[PDB]
Structures are given as structure tokens and as C-alpha cells.
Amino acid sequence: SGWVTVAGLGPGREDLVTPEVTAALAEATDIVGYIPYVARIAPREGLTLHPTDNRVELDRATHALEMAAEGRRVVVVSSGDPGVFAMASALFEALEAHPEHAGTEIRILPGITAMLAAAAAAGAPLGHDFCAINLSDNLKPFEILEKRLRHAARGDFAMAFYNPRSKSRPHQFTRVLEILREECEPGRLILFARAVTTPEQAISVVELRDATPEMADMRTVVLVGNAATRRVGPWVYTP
């Protein structure tokens, strides 16, 4: 029989793809995924490719499940970790909606997630209790974002922001900063980490009083230290 595997490809560099993930890629008959993820995979004999847009999902996933039934071995690929604001959740949601697909074999395969690759490049800003928050979740009303931000601020968590800029919400990030400037000392360290692990990696470290929305974009993860996070030489860490 066939299967569905949801594999994390890591933040970009090929030497971060686990050998686990590489093996499943060698077994697959089909690769489903967002255009530029699919493009990271060397084309080869017997491997049908199904690129897609970053939206939809659900049928993206139901489709993967329908292909398991015909004996196709399907890898749905994600950047970073598939369980971090990625395709793992859509699959199960698509699974709950279709009881006649329960019983297809499913495997979730972890990856180096963006925040930790960023952390590693900067030093150790996530070395204490930390949280991760999606800033382009359009199914999530803004009142919920604010409740996460404020409770992370007050609980003195280090933060990682995924999808800082939506342009669906043309700013929102502009708003996001305000809340931090309310809830945190102005010295709070802010890391703008863009295209981490790629040839165009650039990391900027800035205090909260000087943080502008323009400093983050589509290819950035924003790390926010807790109260004690500081510098040593070019590094950042949390004592």
C-alpha cells in the first residue's frame, strides 16, 4: 500500500535536512507542496511533482490522502518543521473531515525550525522559556493575537514571530510593536533574522525603542528576548 508523509525540509540549507527526511524523499512517488519547497527537491525518475500555492490546503491534503489509497507514496513538504505553522495540522483536519480516509498510513517527520536556526546564528536568545507566535493567521481574529502577546510579555517569555508581514493585513506588525513597547522596557532586545542559513543570511539586532516594521518582511523570523537577554561581543544570549 501507499502512504502520506509530511516532511520538514528545514530553513533552507541542504545540510540541515535530516537523513530521515532524505530517505522518505528517496522512497516517495509524489511530492506535494508549495512551489518553492517542491523546487528544493532534485527531480528524479518516478517522482511525480505537484506544486501548489501557499493557500488552500485541506484539498491539498485530501488529495494526498486520495493518492495513498491508489498506493502512491506521497511526501507533503514544508520548510522548517512541518508541525510549526505548517502542513501537519491541515492533514489531520482534512483527516477528521473524511472518516473513510482514517487508516491511511501517516508519518510526520520533524525538521530544523526557523526560530532555532535563527537562534543558533545569533547565539542563544531562546535559551530560556520561549514562545512562538504566527502573525499572519487570517482565521485567527486580532483579539487573540493581542492576548498571546500580552500574556507572553507579562509572563516574560522570549518570543519568536513567524510571518511577521502579511500585506493581507497591510501592517499588523506595526500594531504588534506598539503592544511590546507598552508591555516591555524599551531596552528589550529585538532580532531581525532574514533568510537564515541561505547565502543571503542577514541578522540585525536592535533595541525595542528603535524597532520599525520595515526591518522585517516575508523572509524574516523575529526573535524577541526576555527581560534579561543581552549581548557579548557579536552574540546574543539569555542568562
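Numbers follow the displayed sequence, beginning with 1.
Of 139-147 and 72-80, the one with larger mean CA B-factor:
Comparing averages over the C-alpha atoms only gives 139-147.
Taking the recorded C-alpha temperature factors, which stretch has the higher mean, 225-233 or 17-25?
Comparing averages over the C-alpha atoms only gives 225-233.
Reading the B-factor column of the entry, which of 191, 47, 32, 58 has the highest value at its C-alpha atom?
The listed residue with the largest C-alpha B-factor is 58.
Third assignment of residue 196 from its chain's C-alpha B-factors:
Bottom third by C-alpha B-factor.
Assigned third (lowest, middle, highest) for the C-alpha B factor of residue 88
Its C-alpha B-factor belongs to the middle third of this chain's values.
Residue 100 by Cα B-factor - lowest, middle or highest third of the modelled chain:
Top third by C-alpha B-factor.
Which third of the chain does residue 163 land in by C-alpha B-factor: lowest, middle or highest?
Its C-alpha B-factor belongs to the middle third of this chain's values.
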